[PDB]
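Colleague: Starting off with a structure, shown below.
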Amino acid sequence: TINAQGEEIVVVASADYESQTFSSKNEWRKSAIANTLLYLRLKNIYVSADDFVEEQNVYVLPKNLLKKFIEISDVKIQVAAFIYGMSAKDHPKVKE
Amino acid sequence: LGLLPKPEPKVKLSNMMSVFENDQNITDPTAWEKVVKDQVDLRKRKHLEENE
Amino acid sequence: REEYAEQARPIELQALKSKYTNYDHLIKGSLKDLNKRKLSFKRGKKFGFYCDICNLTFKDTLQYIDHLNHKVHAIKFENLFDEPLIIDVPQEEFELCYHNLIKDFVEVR
Amino acid sequence: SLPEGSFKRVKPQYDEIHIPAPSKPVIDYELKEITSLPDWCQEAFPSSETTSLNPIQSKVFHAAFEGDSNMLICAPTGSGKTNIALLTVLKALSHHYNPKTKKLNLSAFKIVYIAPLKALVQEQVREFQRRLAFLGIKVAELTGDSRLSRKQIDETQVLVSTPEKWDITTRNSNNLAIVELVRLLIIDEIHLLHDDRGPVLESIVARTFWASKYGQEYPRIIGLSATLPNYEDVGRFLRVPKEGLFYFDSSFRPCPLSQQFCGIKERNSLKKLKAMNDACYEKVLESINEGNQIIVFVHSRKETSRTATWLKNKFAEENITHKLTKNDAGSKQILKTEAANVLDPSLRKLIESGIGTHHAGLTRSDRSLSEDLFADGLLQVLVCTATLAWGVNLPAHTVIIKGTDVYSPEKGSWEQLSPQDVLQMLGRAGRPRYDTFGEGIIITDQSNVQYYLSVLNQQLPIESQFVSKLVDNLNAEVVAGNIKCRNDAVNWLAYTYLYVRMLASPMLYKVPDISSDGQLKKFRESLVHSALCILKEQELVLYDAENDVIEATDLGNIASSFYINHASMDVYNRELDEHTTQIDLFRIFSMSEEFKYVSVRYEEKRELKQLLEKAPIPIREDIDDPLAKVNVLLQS
RNA sequence: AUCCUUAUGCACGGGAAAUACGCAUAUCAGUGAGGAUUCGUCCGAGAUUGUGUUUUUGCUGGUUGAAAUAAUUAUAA
Ligand SMILES: [Zn+2]
């Protein structure tokens, strides 16, 4: 530790208990331990169902990629990737 | 020096309630009654065997 | 047993010298700043401030430097090798040495 | 009983009964000398101090060359066993090694020596090297920290292994050539069967008889043990021919053990402990005035240090100087050289007083140091946990065992000192080489003294604990492929050590069948049923109740190979999952049943606390839980 | 043989007190210590001195922030 004597600043070795620490919900420990439960978040999946319209292109997303992304992601911090694909020959307006 | 056995408490019908050194004073009430009454009658009977 | 009774009755050292001489690098043993370290001053405490000359470690800074300013630590430092610590100015000191201060200063800069 | 207690002393704190030293042996025999041996065998005893064998050895030796048969020695283990094993080894070597041609036949014979502990294995190996050096033999260790590979086993002749690693080596299918090559199977401390490692020995024994029938040449089996009752039943377990059985009582011991108890009359622990310390102090005071080097056993390692502190302030209050009145200059020297240099469990001060201690939790170097110093004798008093009696041969004139109740995580309760441990603690005693007799002492509660007298007489059979290890052994055996059905299983169980013991006393070990089934066919088959249900639940083996067909699975094969306990196995089975992650892996590892005996400690707790802050891999559990301690140790 | 009176010892039991209980290489004491009285006399046993303990003497029980979990070793490389 660095300590201040009278009109002085001196590096001092300490003892007893300064060791009380909080660090509860933060840093790596609690969120990383909380990450294991993330596979449970896909047991129930729902969206507010919007009217389906062929006028604009529509997207088809698989259940596995989403699940893996959830697993890699964090409970608090935003994780974001890019997504790519192409139009299938059944419907050019559908994007897989 | 330990040549004789350490004496137990001397119970009576009055000391009955107040002796917790031996067990069962509450836990086994009537058995304890038989222990204190049997012990008092044992000292009295030992006295009579001495006079006899 | 007999030996016990009787007892009862290089270049790396020059680098160590180069260390305990220049203080600017010696000043900092505090690089840990505020940190928790899990484990009669003799042969080191495994912690604190290391004085290898007399083999003592000091838990505070003023004791570590003050002891160094003390004569005994300087006497031992000299008895290790030589007596540079005790070692006029016939103008060659500031001419040549000072010119070496400018030269070496530009070399570092 | 009456001959055992000769004399009894009554003291205010405690009632002490002093058993006299055992009787000296009657001589019906000749002491067998070394010059009676053949040419090569005369270097079996390179330092021949007596030039005559000990009371136990001679007869058993000539019987051992005379017959080639399964043998059993129940003996004080007074250093007499080491030489006997050596001599049988030399015989096998001579059988495969010509008297005329002095080329040793290396590839013919193989030898195995089963010593329960790694340390004792080490010691043995140096002994075998010293004694067998003249034939040009490689004596090397096969077990554990030994780390021998696929090749060196082939190269070597004499092997010294621990039971676990030998079990795992012989369980593996590819090596079977080596197993066949071994002619000589030596089992040291066959009394281990009482303890839960003993199951491994009986499994090894069963594998030796039953598993190799295709080559079918049965190796010579030599049991070596402390003297024990039910020796006959032991032989029926192994093969033993009646003549190979040698039962020798403690009257044949080199230093007769003077048995001593102190009964403690106190009840509450605060006065009881103080009374025990007072008694120990009194014994130490009686001993040291005679120039007696002394060991005090205790329950726990934390107990040791506080006990030694108590002896330092109390003992020193009485008299400081007498412990070291001699060579105080050299004692100061050696003491400061040892204590001050390598020791850091605040144990230096104890060393410095000259009452030291040894326990698991003292550094490996510090550990060796304490052993050596107590050998030299600057250490008058040595406080110890149970490590020394079990591990190390070093005897000390006076031996005190402080206390009764030990905590076993097996139960999760404080039990009494188990006889098999007590006996081996009493084994280390007055030194057979130097001193005349030992002083044994047991500091104990008076109520259990009645029990300790009997169990100390060694009237107790070697208890068969096969009930716990049955399942795993059976699984491994199915992996070997030796058992295709229930009948095969029970035939293998006929050569099992519990089988014999059941036959002897069915109701003791809970045979319901009793009068029915003299051979306990249905009892054996019922145990097999019970085993194969739980195994099948753990998907270790395939089984059907009425049709009765057996086959080994992959998980069972894994458990066989790495010698995982069945409990550990099913724990792995459920706790491992498709989605399990790096954090959960350590947790499962910690959950492994082999760590059930691990527990957190209050002297450990500060370093634990420092660790778990900066630990890279997080812990879902907390400092109080042993699992968290285990996986943070793993991280470290 | 039964019953009864006094004293002693042994003890069951019931109480009261320990400000009291003692001890003495000490002194004196029914050969009169020590006190009373109606003035005639009466009672008759310790007194003096020093000293030990004395909100106590010897042991027990419970509660308690007074304090106090053994050893060992197994992988395929
Ligand atoms: Zn210095």
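Cβ sites come from the backbone with ideal geometry, for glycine too, and all protein chains shown count toward neighbours. No lab work stands behind these numbers, since they all come straight from the coordinates.
Colleague: Checking the condition away from RNA strand E (no atom under 16 Å from the Cβ) and outside any strand (DSSP E or B), which residue from D:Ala119, D:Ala133 passes?
Modeller: From the options D:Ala119, D:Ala133, the qualifying one is D:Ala133.
Colleague: Based on this model, can you work out whether C:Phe41 counts as aromatic (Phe, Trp, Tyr), in a loop (DSSP other than H, G, I, E, B) and within 14 Å of the ligand (Cβ to nearest atom)? If you could, list the steps in order and put the result at the bottom.
Modeller: On the way: aromatic (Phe, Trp, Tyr): yes; in a loop (DSSP other than H, G, I, E, B): yes; within 14 Å of the ligand (Cβ to nearest atom): yes.
When the stated conditions are applied, C:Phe41 passes them.
Colleague: Within segment C:84-104, which residues are closer than 16 Å to C:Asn22 by Cα and away from the ligand (no atom under 16 Å from the Cβ)?
Modeller: If we filter segment C:84-104 for residues that are closer than 16 Å to C:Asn22 by Cα, which is where we start, we get C:84-87, C:101, C:104.
Result: C:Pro84, C:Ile86, C:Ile87, C:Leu101, C:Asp104.
Colleague: So, in segment C:17-33, exactly how many residues are exposed (fewer than 14 other Cβ atoms within 10 Å of the Cβ) and part of a helix (DSSP H, G or I)? Give the derivation first.
Modeller: Here is the first cut: in segment C:17-33, the residues exposed (fewer than 14 other Cβ atoms within 10 Å of the Cβ) are C:18-19, C:21-25, C:27-33.
Restricting the remaining residues to those that are part of a helix (DSSP H, G or I) gives C:18-19, C:21, C:23-25.
Summing the residues that are exposed (fewer than 14 other Cβ atoms within 10 Å of the Cβ) and part of a helix (DSSP H, G or I) in segment C:17-33 gives 6.
Colleague: Condition first: within 30 Å of D:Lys283 (Cβ to Cβ) and in a strand (DSSP E or B). Can you find one or more residues in segment D:43-65 that meet it?
Modeller: No - not one qualifying residue is present in segment D:43-65.
Colleague: Could you list all residues from segment D:531-565 that are acidic (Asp, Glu) and closer than 18 Å to D:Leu493 by Cβ?
Modeller: At the first step, the residues of segment D:531-565 found to be acidic (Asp, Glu) are D:537, D:539, D:544, D:546, D:548, D:551, D:554.
Within segment D:531-565, D:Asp548 is the sole residue that qualifies.
Colleague: What number of residues in segment D:539-583 are more than 31 Å from the chain's Cα centre (by Cα) and either among the acidic types (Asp, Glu) or under 30 Å from D:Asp513 (Cα atoms) (or both)?
Modeller: The qualifying residues number 17.
Colleague: Would you mind finding the one in D:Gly263, D:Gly223 that is within 14 Å of chain B (Cβ to nearest Cβ), small (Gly, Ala, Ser) and either more than 16 Å from RNA strand E (Cβ to nearest atom) or crowded, with 17+ Cβ neighbours inside 10 Å (or both)? Break it down into steps so the answer makes sense when it comes.
Modeller: Numbers: D:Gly223 fails: within 14 Å of chain B (Cβ to nearest Cβ).
None of the other options fit; the residue is D:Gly263.
Colleague: Can you confirm whether segment D:68-90 contains a residue that is surrounded by fewer than 18 Cβ atoms within 10 Å (Cβ to Cβ), among the aliphatic types (A, V, I, L, M) and over 23 Å from D:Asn393 (Cα atoms)?
Modeller: no
Colleague: Have a look at C:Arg9, C:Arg43 and point out the one that is farther than 30 Å from A:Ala4 by Cα, exposed (fewer than 13 other Cβ atoms within 10 Å of the Cβ) and within 14 Å of chain D (Cβ to nearest Cβ).
Modeller: Working: C:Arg43 fails: farther than 30 Å from A:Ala4 by Cα.
Matching residue, one of C:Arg9, C:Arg43: C:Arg9.
Colleague: Shifting gears a bit: Six or more apart or on different chains, Cβ under 7 Å: which pairs go from a residue in segment D:218-243 that's farther than 20 Å from D:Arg183 by Cβ to one that's surrounded by fewer than 16 Cβ atoms within 10 Å (Cβ to Cβ) and of a type in the set (D, E, K, R)? Could you list them?
Modeller: From residues that are farther than 20 Å from D:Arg183 by Cβ, the pairs are D:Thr227/D:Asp249.
Colleague: Looking at this structure, is D:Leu350 under 26 Å from D:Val406 (Cα atoms), more than 16 Å from the ligand (Cβ to nearest atom), in contact with a strand residue (DSSP E or B) (Cβ under 9 Å, 6 or more places away or on another chain) and not polar (S, T, N, Q)? Spell out how you get there, then give the answer.
Modeller: Working: under 26 Å from D:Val406 (Cα atoms): yes; more than 16 Å from the ligand (Cβ to nearest atom): yes; in contact with a strand residue (DSSP E or B) (Cβ under 9 Å, 6 or more places away or on another chain): yes; not polar (S, T, N, Q): yes.
For D:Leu350, the condition - under 26 Å from D:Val406 (Cα atoms), more than 16 Å from the ligand (Cβ to nearest atom), in contact with a strand residue (DSSP E or B) (Cβ under 9 Å, 6 or more places away or on another chain) and not polar (S, T, N, Q) - is met.
Colleague: Here is a further query. Which of (1) within 14 Å of the ligand (Cβ to nearest atom); (2) on the phi > 0 side of the Ramachandran plot is the odd one out, the single condition C:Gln63 does not satisfy?
Modeller: Among (1) within 14 Å of the ligand (Cβ to nearest atom); (2) on the phi > 0 side of the Ramachandran plot, C:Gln63 violates only (2).
Colleague: Would you check if there is a residue in segment D:368-375 being crowded, with 21+ Cβ neighbours inside 10 Å and in contact with a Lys or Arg (Cβ under 6 Å, 6 or more places away or on another chain)?
Modeller: Within segment D:368-375, not a single residue is crowded, with 21+ Cβ neighbours inside 10 Å and in contact with a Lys or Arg (Cβ under 6 Å, 6 or more places away or on another chain).
Colleague: Go through segment C:46-57 and give me each residue that's more than 9 Å from every other protein chain (Cβ to nearest Cβ) and crowded, with 18+ Cβ neighbours inside 10 Å.
Modeller: Residues satisfying the conditions are C:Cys51, C:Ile53, C:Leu56, C:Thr57.
Colleague: What helices (runs of 4 or more DSSP H), lying completely within segment D:299-388, carry at least 2 residues that are closer than 26 Å to C:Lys45 by Cβ, within 13 Å of chain C (Cβ to nearest Cβ) and of a type in the set (S, T, N, Q)? Lay out the reasoning, then the answer.
Modeller: Values: elements: D:301-318, D:328-342, D:348-353, D:364-376.
By residue number, D:328-342.
Colleague: Looking at segment C:12-40, which of its residues are more than 9 Å from every other protein chain (Cβ to nearest Cβ) and within 30 Å of D:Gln333 (Cβ to Cβ)?
Modeller: Once the filter is applied, which keeps residues that are more than 9 Å from every other protein chain (Cβ to nearest Cβ) and within 30 Å of D:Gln333 (Cβ to Cβ), segment C:12-40 yields C:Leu13, C:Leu16, C:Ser40.
Colleague: Exactly one condition in (1) within 15 Å of RNA strand E (Cβ to nearest atom); (2) over 20 Å from D:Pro395 (Cα atoms); (3) not hydroxyl-bearing (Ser, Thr, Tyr) is false for D:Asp366; which is it?
Modeller: Exception for D:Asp366: condition (2).
Colleague: Answer yes or no: is there a residue in segment D:187-204 that is under 30 Å from D:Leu106 (Cα atoms) and part of a strand (DSSP E or B). It would help to see each step written out before you state the result.
Modeller: To start, the set of residues in segment D:187-204 that are under 30 Å from D:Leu106 (Cα atoms) comprises D:187-190, D:200-204.
Now narrow it down to the ones that are part of a strand (DSSP E or B): D:187-188.
Looking for residues that are under 30 Å from D:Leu106 (Cα atoms) and part of a strand (DSSP E or B), one finds at least one in segment D:187-204, hence yes.
Colleague: So the check is Cβ under 6 Å with 6+ separation or different chains; which pairs have a first residue in segment C:54-72 that's closer than 22 Å to A:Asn3 by Cβ and assigned to a helix (DSSP H, G or I) and a second one that's away from RNA strand E (no atom under 16 Å from the Cβ) and not charged (D, E, K, R)?
Modeller: Final answer for the pair search is C:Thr61/A:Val10; C:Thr61/A:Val11; C:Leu62/A:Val10; C:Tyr64/C:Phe49; C:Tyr64/C:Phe58; C:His67/C:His73.
Colleague: What is the one condition in (1) of a type in the set (A, V, I, L, M, F, W, C); (2) within 14 Å of another protein chain (Cβ to nearest Cβ); (3) in contact with a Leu (Cβ under 6 Å, 6 or more places away or on another chain) that D:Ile583 does not satisfy?
Modeller: So D:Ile583 meets the others, but not (3).
Colleague: If I ask for residues that are farther than 23 Å from D:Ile462 by Cα, exposed (fewer than 14 other Cβ atoms within 10 Å of the Cβ) and of a type in the set (S, T, N, Q), which ones from segment D:487-546 would you list?
Modeller: D:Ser515, D:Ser516, D:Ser530
Colleague: Let me ask something else. Here's a check for you: in segment C:50-60, which residue that is within 10 Å of the ligand (Cβ to nearest atom) and either touching an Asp or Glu at 6+ places or on another chain (Cβ under 7 Å) or not aliphatic (A, V, I, L, M) (or both) is farthest from C:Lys17 (Cα to Cα)?
Modeller: First, pick out the residues of segment C:50-60 that are within 10 Å of the ligand (Cβ to nearest atom): C:50-58.
Next cut, either touching an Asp or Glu at 6+ places or on another chain (Cβ under 7 Å) or not aliphatic (A, V, I, L, M) (or both) only: C:50-52, C:54-55, C:57-58.
Values: C:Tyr50: 14, C:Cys51: 12, C:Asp52: 11, C:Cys54: 14, C:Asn55: 15, C:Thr57: 18, C:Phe58: 20 Å.
So the residue we want is C:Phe58.
For every residue, the table says whether it meets (1) outside any helix (DSSP H, G or I); (2) not aliphatic (A, V, I, L, M).
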position: D:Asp570; (1), (2): no, yes
position: D:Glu578; (1), (2): yes, yes
position: D:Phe586; (1), (2): no, yes
position: D:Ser590; (1), (2): no, yes
position: D:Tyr597; (1), (2): yes, yes
position: D:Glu603; (1), (2): yes, yes
position: D:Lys609; (1), (2): no, yes
position: D:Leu612; (1), (2): no, no
position: D:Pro616; (1), (2): yes, yes
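Colleague: Testing C:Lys36 on (1) at positive phi; (2) surrounded by 11 or more Cβ atoms within 10 Å (Cβ to Cβ); (3) away from the ligand (no atom under 15 Å from the Cβ), one condition comes back false. Which one is that?
Modeller: Condition (1) is where C:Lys36 drops out.
Colleague: I need the full set of residues from segment B:18-52 which are part of a loop (DSSP other than H, G, I, E, B), exposed (fewer than 10 other Cβ atoms within 10 Å of the Cβ) and more than 10 Å from RNA strand E (Cβ to nearest atom), in order please.
Modeller: Applying the first criterion (part of a loop (DSSP other than H, G, I, E, B)) to segment B:18-52 yields B:18-28, B:52.
Retained after the next criterion (residues that are exposed (fewer than 10 other Cβ atoms within 10 Å of the Cβ)): B:20-21, B:26-27, B:52.
Correct list: B:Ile26, B:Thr27, B:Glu52.
Colleague: Based on this model, can you work out whether D:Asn230 counts as at positive phi and out of contact with any strand residue (DSSP E or B) (no Cβ under 9 Å at 6 or more places or on another chain)?
Modeller: On the way: at positive phi: yes; out of contact with any strand residue (DSSP E or B) (no Cβ under 9 Å at 6 or more places or on another chain): yes.
The answer is yes for D:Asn230.
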